[PDB]
Each structure stands twice: as structure tokens, then as C-alpha cells.
Amino acid sequence: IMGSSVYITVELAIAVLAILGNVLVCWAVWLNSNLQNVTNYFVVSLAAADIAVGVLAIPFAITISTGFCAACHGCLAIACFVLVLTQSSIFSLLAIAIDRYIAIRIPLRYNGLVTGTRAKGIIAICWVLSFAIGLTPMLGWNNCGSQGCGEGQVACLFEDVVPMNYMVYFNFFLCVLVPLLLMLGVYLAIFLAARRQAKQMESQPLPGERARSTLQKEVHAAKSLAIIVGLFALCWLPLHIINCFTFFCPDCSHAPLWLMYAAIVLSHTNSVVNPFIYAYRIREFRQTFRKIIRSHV
Amino acid sequence: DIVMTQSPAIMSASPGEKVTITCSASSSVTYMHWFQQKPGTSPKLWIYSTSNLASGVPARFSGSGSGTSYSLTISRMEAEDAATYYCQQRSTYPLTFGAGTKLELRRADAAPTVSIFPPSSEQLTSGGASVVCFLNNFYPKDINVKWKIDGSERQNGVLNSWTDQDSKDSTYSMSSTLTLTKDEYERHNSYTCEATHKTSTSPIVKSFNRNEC
Amino acid sequence: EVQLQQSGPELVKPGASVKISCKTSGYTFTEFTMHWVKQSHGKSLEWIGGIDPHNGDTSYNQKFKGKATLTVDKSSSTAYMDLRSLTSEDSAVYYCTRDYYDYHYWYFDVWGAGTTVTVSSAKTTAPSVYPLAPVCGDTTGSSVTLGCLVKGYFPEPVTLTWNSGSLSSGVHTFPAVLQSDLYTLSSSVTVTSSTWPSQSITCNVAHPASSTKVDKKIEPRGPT
Ligand SMILES: CCNC(=O)[C@H]1O[C@@H](n2cnc3c(N)nc(/N=N/c4ccccc4)nc32)[C@H](O)[C@@H]1O
């Protein structure tokens, strides 16, 4: 009972922290007019996705940690729900990274690429892809298509209902690997651009405000994307690596339950850590946060 | 720091002639700028980043160079291009310019026109006496003036002034004024100035006698 | 249309100080740094320093440190240079330039008209103008040349025109020469032999320093 109790406590604490941080970000963007733009719109969409993860995905994952005898398809649907919510969070983060890449490396077309309803279109595409990938097991690609309980009912654990081939070849590659590679490429491009600008400017004392602004924006974006990529990888890679070596290592010792709990809580900590750290990197966000806190008190 | 040495310091070129002027750097430089300045006017950007023509610069101008040596060239010389050109460096501070290259327009030779002027009555009333000799519209620059008083040369108290190359004639003019006191001017009769030039086998002589006026 | 409007001429005595202005227009003033260049005796371009109008950062040439101080008026979109403890060496022409950023390198894009600063304690004196009629003699064929002498004035410049600018071509005004704190300038105008003395040719000399306007009509010489 001790392990289950501590796991549930950690999961609920993560959910509450994600809820608080993301509602704070949304409140700050709603209040300040100087915070209302496309990048903050993507940040708010990611924050809402993380709110959904904390309210729904985390309690649902706790529900699949029980193992009580229940219908196979209901628990398959719950697992697909948590999958869809995590997909939405990851795709919103990728959208923010793409917005930063367009802003930094494509300044002239930026107003013509992401402004207007195109941001809503991109968010809708992210959610559609999330639902499509997360609801593929419901099309018959599942184990129930095996006698923990019997006659349709099973012990509701994630691996009992969700096949591993989908989790490795499909979920790990398209959802956790491809966005990670894209974010790494964007970070590398912005880092190289920033260091090229710095090397160009270092020869001259007293540079123009134009060059100073360019270097400032490039460095800030590069460090923000470094933080984003590092946190995303640290949170998501362990669990999917565990899945990969469960699928590829036959009869090898299945990961001890504490390791599985740690991987799950890290994957959920992704949703609370992003994009609050990114928001705190901007002076306006933290100024608004402090003003709201002072007004409340 | 760094030193910019330009060559040639002074140059003349016929219209249509290809002209290349160089700019030597004491140490290696990454970029070289070029500024064209005409007399009486501020310098204007001509070539930036060692190859790029500024706005309004004709395509006949080209820029080149790297490291120590840099240069700009004119495909065919035009009369509008007679000016002074400076090369600027901004690799190692402080910024250093070049001494500049005065570019002149080569012309057909022309004999000077010499006129002499006795001192006016107003200057005589003031105790002064200046005789002015004007040498105008000649090419090339080299010229000499000799003052003779009563058959003997006088090198005392002469003032020589030279104009720059004329905007239209592209010629040169020289003013030579010999200043004396009224008593010594009234102490002599004959005054003359002679102009020796390559365009005449004998010097051009203009003279007057004070006994007339 | 990017323009840099500089101050007017400044005649000052040794030990004094001057503040040259540079009024910018046609571009976002704070986006590009302003630099000042001194040209002394002609054909000697020296970089004084630069100032960033956005944050006030400055980088000076160590030669001119303490001599020139660069300030900026962001509201008025103007740049100033203060030249303190002036001597005769500081007498030169000073320019202000805009240091444009091409996203690849830097260059002086637009140059100001320039300001002439002359420093000397020499006494300001009005010119003495003597008209130079041609030698009595006779008209030597094609054309006749007339002269006008400006003796003993200070300081430069002095504007000389013939018939108040009606005669432009055929005029040779020569650079002035100093003889113990006094300039001397002469001008020659050549016209057709049928014009003079039939028409009136006068010499218009103006000295803004002493605020004197004098016109000397050139007439045939009488007995001496
Ligand atoms: C964008 C991709 N989304 C996700 O990876 C999200 O789905 C969940 N998840 C994914 N793969 C999983 C796996 N192999 N095992 C488990 N639980 N095992 C248990 C064993 C014993 C007692 C309790 C539990 N959970 C998994 C998790 O919530 C993660 O954030």
C-alpha cells in the first residue's frame, strides 16, 4: 500500500502543480494586452493542454494503476485518453518551437505565416493528429482483438490493453522522437545563428541598436529552446526507452515497478514544467505574475 | 593602430582612360570603404564592403582587395570623376582614413593670358602700392612668374596664389601681386611681369610705365 | 530622405568651447550610431568618435579624448559634439555621419554638410577694397580683363561677386594668403572688349565677420 500511496500522492501533486502553473499563465496572458500575440497564444494552448493533462490524464493514469477487474475496452479508452492528452501537450510544444523558428529565421514572412486564424488552424491540426494517433488502438489494433480476470474483463494496466508494437514503432517514433528531432534542429539553427551574429559583432565596439536587438532576440530564443528541448527529452525519453527495451529484449527482467512509476511521474512532470519555465524566462510574464500575487494578497 | 597609405597621392588622367588607385594597409584588414570628396563639399560614400557601389555611384566604378592591399578602378575616366578618394578601415579601432588621391583631368595644353594692373588711386591715397599680374587659363600646372622693375628683377614682397583646376575649362590660373610703399613705387617708372610656360618659346611679358598711368 | 543638418560657422578665441549640432531626419534616429569626423588643413580625415543614441554609449579616439564630448537628444533627434579648450590646432571642418548597419557590416551612409570652426585671437578687421582697372594702353583685341583687390581683412571667408552675381563665368577668385593676421584676396573677370567700358562692371565684396558691404565700380583710369 505504501508504494501505491506514494505514487498516487506524487501524481496528484504533479497534477495540482500543473493546474496552478498553467492557469496562472493563462490568467497572465488574458490580463495583459502587451502579452497578447501569437507566441503567447501557442503558450496558452499548451497551458490548456497541460491543464487537461492534470485534470484528466493524471487521474486516468492513476485509475489504470489499480488492476481491478474491468471491461477491456473501457480501460483501453482511458489509456487512449491519456495518450491523446500527452500528444496534445507535445504537439503544442512543437508548435511553439516552430513559431520561434519562424520568428527568428524567417522575420519577413512571420506576419504572413502565423498571424490571424492560422494559429488556430495549427492548433486544430495538432489536436487532430493527437486524436488520430491516440485512437488507433480503438480501430482493432489491441490485445483484446490474457486471463487476469476472465471473459472480456481484464486487470486494467497500460501494458495489458495497449500493444507494445504500437507504443514502439508508432507512438515513440512519430510522437516522441520526431518532435524531439525537430526541436533539436530548431535549437541548433538558432544557436548557430546567434553565435554567428556574436562573432560578426565582436570586432566592432559600439554596434547599432539593430544588431544589438538581433543578438538579444537570437540568444534569448536559443536559451529558451535549449531549456525546452532539455526538459522535454529528460521527461519523455526514460519511459519510452523502457518501452523500447521491453519490446526488444526477450524474457529480460521487466523494469521494476519503481522505475515505471518514476518514468510515468517524469513524463507527467513534463506537462507542469512546460511552459511555465519558458514563461518565467520573459520579464513581462514574471512581472505580471508578481503583480497578480500582490493584488491577491 | 593601423596606417592607410594611398598611391598615387596626385594623378591626372585623360577622359576615357582606365584608372586604378590603390590603398595599402599596414596590417591585414577585412573590409575597405571608399569615399569621394570634391572641393567645397562633404565626403560621400562611394564603395562599401570593398566591392559594393553606393547609391548613385555609376557602374563604371569597381572595388577590389583583401588583406594588405586594396584598390578601386574606373573602367573609363569621366570629367565628373575628378575628385579626391579616401579609403577607410574599421577592423582594428580607431578608424583610420587614407591621405587621399587627388584625381585631375588631363587637358590639351593652353597658353596663359597675362594682364598687369597698376595700383589704384585709392591704395595710393592709403600709402600702399600693389601691382597685380594675372595669369589665367593655362595647362599644365607648371608656370613661373618674374617681376622686373626698371630693367632689373625684383623678388621682394610678391604674393602668389593658385586656383584649383577649373570646373569648365579644366585649366589653372595664377595671381601674383607685388606690394610696395607709395614712396618706392613713385621712385621707379617701369614695372613688368613675365610668364614662362612650355606653350611659348619666349616668356609672355606685360609691362607698363608709371609716367603714363 | 535621410538628412543630417549641421550647425553654422563658429569663430572663437583660444580657450573657448563650441558645441556643434547635427539634426537628423528621415530615419529612426536611435537605430544607428552617429560618428564625427574632423578634416584639418584639407585632405586629412580623422575619426573623432561615435555615440549610440539608444543608450548613450560612446567610443572615442584616444587622440580626441577630453577634447570632444558627444551627447544626444533622443526627443529632438539631434546629435551634439562639444569641442572644449580650443586652440589653433582644433581649427578645422567637422562632419557628422550616420553609421548604417547592412546586416553584414558597417559603413558611413550619410554625411553632414560640415561646420567650419576657426580659432584665433587675431583682431577682426574690415577689408580694404581697391578696384583694378586695365592699363591705359589700348584694348588688346579679343577681350579685356578687370581685377579687384581685397587687402588686409580677417577672418576668412569673404564672398566676392561681380555685378552681384550677374557675372559668373570668366571669373577667377583666388584663395587668400595671410601676412601677419591679415588675409589678402584678388579676383579677375574677363569680358568682351565691346562690353567694357561701354557697360558698368562693379566689384561686390562682402565680409560677414565685420558686417561690411562695399561695392567698387571699375572705371577708366585718370591722370596720376
Ligand atoms: C506521448 C506519449 N504518452 C505517454 O507516454 C503516457 O501514457 C502513459 N504510458 C505510456 N506508456 C506506458 C507503459 N509502457 N506503462 C505504463 N504503466 N505501467 C504500470 C505498472 C504497474 C502499476 C501501475 C502502472 N504507462 C504508460 C503515461 O502516462 C505517459 O505519460
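All of this is worked out from the model, or read from it or from the source named; no laboratory read-out is quoted. Counting neighbours? That spans all protein chains shown, and the Cβs are built from the backbone with ideal geometry, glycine included.
Pairs only if they're at least six apart or on different chains, beta carbon under 8 angstrom, first in the stretch A:259-275 and among the basic types (K, R), second within 8 Å of the ligand (Cβ to nearest atom) and part of a helix (DSSP H, G or I); list them, first residue then second.
none
Out of the strands (runs of 3 or more DSSP E) lying entirely within the stretch C:1-102, which hold 3 or more residues that are away from every other protein chain (no Cβ under 14 Å)?
Per the criteria, C:10-12, C:18-25, C:68-73, C:78-83.
Restricting the search to the stretch C:187-220, which residues are closer than 19 Å to C:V150 by Cα, buried (at least 17 other Cβ atoms within 10 Å of the Cβ) and either among the aromatic types (F, W, Y) or touching a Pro at 6+ places or on another chain (Cβ under 8 Å) (or both)?
Within the stretch C:187-220, C:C203, C:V205, C:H207, C:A209, C:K216, C:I218 qualify.
On the basis of being in contact with an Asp or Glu (Cβ under 8 Å, 6 or more places away or on another chain) and either in the same structural domain as C:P155 (by TED's automatic domain parsing) or charged (D, E, K, R) (or both), does C:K65 make the cut?
Judged against the criteria, C:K65 is not a match.
Which ranges mark the strands (runs of 3 or more DSSP E) fully within the stretch B:1-56 that have 3 or more residues being within 12 Å of chain C (Cβ to nearest Cβ) and surrounded by 17 or more Cβ atoms within 10 Å (Cβ to Cβ)?
B:33-37, B:44-48
Hey, any hits in the stretch C:109-119 for a residue that's hydrophobic (A, V, I, L, M, F, W, C), at the interface with chain B (Cβ under 9 Å from one of its Cβ atoms) and not in a strand (DSSP E or B)?
Scanning the stretch C:109-119 turns up at least one residue that is hydrophobic (A, V, I, L, M, F, W, C), at the interface with chain B (Cβ under 9 Å from one of its Cβ atoms) and not in a strand (DSSP E or B).
Is it the case that the stretch B:169-186 has a residue that's basic (K, R) and out of contact with any helix residue (DSSP H, G or I) (no Cβ under 7 Å at 6 or more places or on another chain)?
Scanning the stretch B:169-186 turns up no residue that is basic (K, R) and out of contact with any helix residue (DSSP H, G or I) (no Cβ under 7 Å at 6 or more places or on another chain).
Considering only residues that are more than 26 Å from the chain's Cα centre (by Cα) and not in a loop (DSSP other than H, G, I, E, B), look in the stretch B:193-213 and name the one that is nearest to the other protein chains (Cβ to nearest Cβ). I'd like the intermediate steps shown before the answer.
Of the stretch B:193-213, the ones more than 26 Å from the chain's Cα centre (by Cα) are B:207-213.
Narrowing further to those that are not in a loop (DSSP other than H, G, I, E, B): B:207-209.
Working: B:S207: 9, B:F208: 5, B:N209: 10 Å.
The extreme case among them is B:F208.
Does A:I293 satisfy the criteria of being loosely packed, with under 13 Cβ neighbours inside 10 Å and assigned to a helix (DSSP H, G or I)? Don't jump to the end; show me each part of the working.
Working: loosely packed, with under 13 Cβ neighbours inside 10 Å: yes; assigned to a helix (DSSP H, G or I): yes.
Yes: the conditions hold for A:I293.
Do you know which residues across the stretch B:93-113 are more than 8 Å from every other protein chain (Cβ to nearest Cβ) and either among the β-branched types (V, I, T) or surrounded by fewer than 20 Cβ atoms within 10 Å (Cβ to Cβ) (or both)?
B:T101, B:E104, B:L105, B:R106, B:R107, B:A108, B:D109, B:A110, B:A111 - these are the residues of the stretch B:93-113 that are more than 8 Å from every other protein chain (Cβ to nearest Cβ) and either among the β-branched types (V, I, T) or surrounded by fewer than 20 Cβ atoms within 10 Å (Cβ to Cβ) (or both).
Any chance the stretch A:213-222 includes a residue that's in a helix (DSSP H, G or I), away from chain C (no Cβ under 14 Å) and within 16 Å of the ligand (Cβ to nearest atom)? Let's see the steps before the verdict.
If we filter the stretch A:213-222 for residues that are in a helix (DSSP H, G or I), which is where we start, we get A:213-222.
Subsequent filtering for residues that are away from chain C (no Cβ under 14 Å) retains A:219-222.
Narrowing the set further to residues that are within 16 Å of the ligand (Cβ to nearest atom) leaves none.
No, because not a single residue in the stretch A:213-222 is in a helix (DSSP H, G or I), away from chain C (no Cβ under 14 Å) and within 16 Å of the ligand (Cβ to nearest atom).
Check the stretch A:172-184 and report whether any residue there is away from the ligand (no atom under 16 Å from the Cβ), away from every other protein chain (no Cβ under 13 Å) and assigned to a helix (DSSP H, G or I).
Within the stretch A:172-184, one or more residues are away from the ligand (no atom under 16 Å from the Cβ), away from every other protein chain (no Cβ under 13 Å) and assigned to a helix (DSSP H, G or I).
Loosely packed, with under 15 Cβ neighbours inside 10 Å, within 16 Å of the ligand (Cβ to nearest atom) and hydrophobic (A, V, I, L, M, F, W, C): which single residue out of A:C235, A:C244, A:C252 fits that description?
Values: A:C235 fails: loosely packed, with under 15 Cβ neighbours inside 10 Å; A:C244 fails: loosely packed, with under 15 Cβ neighbours inside 10 Å.
Testing whether each residue is loosely packed, with under 15 Cβ neighbours inside 10 Å, within 16 Å of the ligand (Cβ to nearest atom) and hydrophobic (A, V, I, L, M, F, W, C) leaves just A:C252.
Go over the candidates C:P134, C:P127 one by one and state the one that is closer than 12 Å to C:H207 by Cα, within 13 Å of chain B (Cβ to nearest Cβ) and either surrounded by fewer than 17 Cβ atoms within 10 Å (Cβ to Cβ) or not small (G, A, S) (or both).
None of the others qualify; the one that does is C:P127.
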